[PDB]
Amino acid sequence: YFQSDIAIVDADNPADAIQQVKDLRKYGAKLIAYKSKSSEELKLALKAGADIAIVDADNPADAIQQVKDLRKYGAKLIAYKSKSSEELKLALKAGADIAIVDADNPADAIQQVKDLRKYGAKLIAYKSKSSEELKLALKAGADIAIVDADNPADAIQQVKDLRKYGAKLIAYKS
């Protein structure tokens, strides 16, 4: 939370969210991201002191509505995650700031990064337990490296490795 630029919360309920935000906010974390399938929960998280609202909606119609609800509410940093680069572009066209690439497949995921970079996406994020795959995503034009290690030791080493490589924005999921 010191070496990382962004702290990502899942917390499975609102009251956990406003508590987990308050924990991070007072003690360590700089930028706080919160993910939810509920735009109303995301609004509460932002009010509680989160910086980045990650829209988690599985269907494009719901995603566009949620991005627009958060844009009107005054959200400053809206992110959307999809396995579809078409759907990520829909979220950018609705006013999302951050496209999070989430293809199940390193070849495919790295191509989504190139396609989003070609498209002109301002901020692309990429998640991996492979620090070497995160370096390939950054060369391909990703801006945010999301560490996804299976334990604390591997997470701490991924952050160190990506700093030395030159990663400007590193995110960690608690």
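Heads up: residue numbers just count along the shown sequence, starting at 1.
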*Of 68-76 and 93-101, the stretch whose C-alpha atoms average the higher B-factor in the entry*: 68-76
*Do the C-alpha atoms of 48-56 or of 25-33 have the higher average B factor in the entry?*
25-33
*Relative to the other modelled residues in the chain, which third contains the C-alpha temperature factor of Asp143: lowest, middle or highest?*
lowest
*asked:* Please place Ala61 in the lowest, middle or highest third of its chain according to the CA B-factor in the PDB entry.
replied: middle
*For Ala125, does the deposited CA B-factor place it in the lowest, middle or highest third of the chain?*
lowest
*Taking the entry's C-alpha B-factors for this chain, is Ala149 in the lowest, middle or highest third?*
highest
_Sorting by Cα B-factor within the chain, modelled residues only, which third would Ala107 end up in: lowest, middle or highest?_
highest
